[PDB]
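Participant: First portion of the complex, with coordinates as positioned in the assembly:
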Amino acid sequence: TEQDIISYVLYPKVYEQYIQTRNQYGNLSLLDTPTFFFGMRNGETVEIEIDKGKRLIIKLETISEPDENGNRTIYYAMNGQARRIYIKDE
């Protein structure tokens, strides 16, 4: 869009780095600030409000200890669905 075009031209380095981030994590502005800054506790349930009457209901159940490569397994439930994610601990 036009707003893309002056955005990139005002801020080449930063806009591109923002797209790179939009591509990786989606729309962060929808998250609530505490979630944005801190993530989630064990047992917690957060309700990300996407849109008019559509929401992400996420629960963080547990986080594993890291395997040999330093990857951890977060156990989530998200809209009634067992889900497992892998994050490299740094």
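Facilitator: Arrived safely, thanks for sending. Numbering: from 1, shown residues only, chains lettered A, B, ... in the order given.
Participant: which residue ranges form the helices in chain A?
Facilitator: A:2-10, A:12-25, A:33-38 (DSSP state H).
Participant: can you pull the buried residues of the second one?
Facilitator: Think helix A:12-25. residue A:15 (16 or more other C-beta atoms under 10 Å). The C-beta positions use only the backbone N, C-alpha and C, and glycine is treated the same way.
Participant: before we move on, what about the shortest one?
Facilitator: For helix A:33-38, burial by neighbour count (16+ other C-beta under 10 Å) applies to residue A:35.
Participant: Which secondary structure elements does that helix sit against?
Facilitator: Helices and strands touching helix A:33-38, by 3 or more C-beta pairs under 8 Å, 6 or more residues apart in numbering; DSSP states H and E: there are none.
Participant: and then chain B:
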Amino acid sequence: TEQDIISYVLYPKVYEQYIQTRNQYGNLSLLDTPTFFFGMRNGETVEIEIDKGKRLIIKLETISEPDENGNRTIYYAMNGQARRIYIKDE
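Facilitator: Okay, chain B now, added to the rest:
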């Protein structure tokens, strides 16, 4: 059975606590001995042998933190079926 009758007569209290355990955990005598004394570690696959060619296949994935009831959640796979147990941390 007659065997129960006589066993109780020999050891009243102790027969009664055997019964109580058997009600709660079933037939422990089928576990391999190291599993019987120590349980399992994170990531381990143990195989309880039942009748010939029917084995219980159990995998321990993680144990959660104790919650505010002091119950830890164990995430298992048993015969390729995800499954989860609440155990009280003492």
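Participant: Repeat for the buried residues of helix A:33-38, accounting for chain B.
Facilitator: residue A:35 (16 or more other C-beta atoms under 10 Å in any protein chain shown).
Participant: Name the nearest residue to whatever residue of chain A ends up closest to chain B, sequence neighbours excluded.
Facilitator: Of all residues in chain A, residue A:62 sits closest to chain B, at 4.1 Å by C-beta to the nearest C-beta. Nearest residue to residue A:62, sequence neighbours excluded (C-beta to C-beta, 6 or more residues apart in numbering or on different chains): residue B:64, at 4.1 Å.
Participant: ok, how many other residues are close to the one you found?
Facilitator: 20 (other C-beta atoms under 10 Å in any protein chain shown).
Participant: Surely it and residue A:60 touch.
Facilitator: No: taking contacts as C-beta atoms under 8 Å, residue B:64 lies outside contact range of residue A:60: 10.6 Å.
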